[PDB]
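Top to bottom, those sequences are chains B and A.
21 is the number that PDB author numbering gives to position 20 of the first sequence; each next residue is one higher, with no gaps.
19 is the number that PDB author numbering gives to position 19 of the second sequence; each next residue is one higher, with no gaps.
Right, one structure below, let's go through it.
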Amino acid sequence: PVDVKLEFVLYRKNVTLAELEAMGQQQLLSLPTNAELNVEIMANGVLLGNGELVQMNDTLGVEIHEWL
Amino acid sequence: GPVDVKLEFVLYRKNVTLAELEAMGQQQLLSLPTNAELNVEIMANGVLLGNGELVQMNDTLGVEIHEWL
Ligand SMILES: [Ca+2]
Ligand SMILES: [Ca+2]
């Protein structure tokens with residue numbers, strides 16, 4: 002099979018084209034509180050699961066709270 | 001509609017095989033590559049707009065922009 006496009010998504014939302022332009026004027030973007038508690042694992046547009054950011058000994062990790 | 005944009009802040013993305021995805025699904029704690037956090041990608045309708053670095057701010061996480069495309 003062909004490869005699938007896997008993403009670990011820290012935050013997602015719908016915004017308007019105007020808000021998208023506004024965002025580009027910023028140098029530091031705040032994410033909503035607890036975005037780190039809802040990391041979404043997605044592939045080819047399908048939600049696979051969600052989890053939480055963890056600082057491990059040498060990297061960041063994602064602790065899975067649910068595989069769908 | 002056309003005014004609507006799907007915005008994503010992506011910590012890590014990769015083209016993976018079905019077998020690799022299967023193996024991932026067996027895990028409870030997934031390690032990300034070293035410094036994935038240095039390349040948080042900002043996507044709009046699946047297209048890369050910019051990238052930055054994950055920062056712990058006072059009340060939330062933030063993304064420090066390093067490049068807008
Ligand atoms: Ca926790
Ligand atoms: Ca935590």
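Just so you know, even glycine gets a beta-carbon here, dropped at the ideal spot from N, CA and C.
Neighbour flag for residue i against chain A, beta carbons, 9 Å
| i | result |
| --- | --- |
| residue 1 of chain B | Residue 1 of chain B cannot be examined here, being either before or after the span of chain B that is shown, 2 to 69. |
| B/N51 | no |
| B/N39 | no |
| B/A23 | no |
Alpha-carbon spacing of residue i relative to residue j, whole angstroms
| i | j | result |
| --- | --- | --- |
| B/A23 | A/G62 | 16 Å |
| A/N35 | B/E8 | 16 Å |
| B/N58 | A/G1 | 44 Å |
| A/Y12 | B/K6 | 11 Å |
| A/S31 | B/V16 | 30 Å |
| B/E20 | B/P33 | 16 Å |
| A/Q28 | A/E37 | 20 Å |
| A/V10 | A/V55 | 14 Å |
| A/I42 | B/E64 | 22 Å |
| B/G46 | B/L18 | 21 Å |
Same chain only: Cβ atoms within 7 Å of residue i, ignoring 5 sequence neighbours per side
| i | result |
| --- | --- |
| B/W68 | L49 and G50 |
| A/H66 | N51, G52 and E53 |
Local Cβ density within 10 Å of residue i, reported as buried at 16 or more and exposed below that
| i | result |
| --- | --- |
| B/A44 | buried |
| B/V3 | exposed |
| B/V40 | buried |
Contact set for residue i: own chain, Cβ-Cβ below 6 Å, skip 5 residues either direction
| i | result |
| --- | --- |
| A/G25 | none |
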